[PDB]
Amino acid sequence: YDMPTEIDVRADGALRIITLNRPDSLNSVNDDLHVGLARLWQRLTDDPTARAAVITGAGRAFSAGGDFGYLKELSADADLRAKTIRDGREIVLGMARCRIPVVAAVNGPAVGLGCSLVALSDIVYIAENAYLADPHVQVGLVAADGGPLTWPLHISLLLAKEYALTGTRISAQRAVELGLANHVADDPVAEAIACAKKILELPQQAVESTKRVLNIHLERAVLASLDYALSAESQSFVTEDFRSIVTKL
């Protein structure tokens, strides 16, 4: 798929396994990983030999959120900021529109973008000790990357607002209770792969159209709020509140 180092795509028949691949840095999102995720979904859509994906992270985390270095660049580099905003748009719309089922295997913390990738998936398996969180607000940023943007399709709006506003950690058990996750698994990668291979035996036209039927609701909610969210996040990158916090850490 012409991915970079930080995104390993492996082929097993009509399955694709996607592994976020910065395990030493807990899959924190740098420019390279970000651009990779922007491009990947349309590519899956356009490859007829792919019929399903699994997304997971290498090592202990799914993704711990933004890379501090990447973040500090974003607050001083306008060209980089404009590109990240385009790509950000393409991840959300890439996954919203993606042809094939995507099964998430949350092996570890999924924070920020990680947490948004999980809300944009079709079925989610999560490890007992893993959690979801979005700490955008606590760090000085509008949560635009897809988490809070998509959470009201999954949970109550009250709950969405509280977790977006305060960076609440959502445990594996709680996420399943809420419908932010489908199953707690001991081995979420394995359980994910078996659910995707199960889906691969089903009639293709039926599988692909039914995902599109449901994702229309997702796409409606995205077109309503995404341009404003991205625009506002862009303004937050240049706030003293953000610049200060992202310098300390």
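Sequential numbering from 1, following the sequence displayed.
Mean CA temperature factor is higher for 75-83 when stretches 75-83 and 93-101 are set side by side in the entry.
The PDB entry records a higher mean C-alpha B factor for 147-155 than for its counterpart among 114-122 and 147-155. Highest CA B-factor among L33, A206, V213, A192, as stated in the entry: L33. Placement of the Cα temperature factor of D67 within the chain: highest third of the modelled residues, per the deposited record.
Per-chain ranking of the deposited C-alpha B factor places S225 in the lowest third. Per the PDB record, residue ranking by Cα B-factor puts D47 in the highest third of the chain. Per the PDB record, residue ranking by Cα B-factor puts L26 in the highest third of the chain. Sort the chain's modelled residues by C-alpha temperature factor and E201 lands in the middle third, per the entry.
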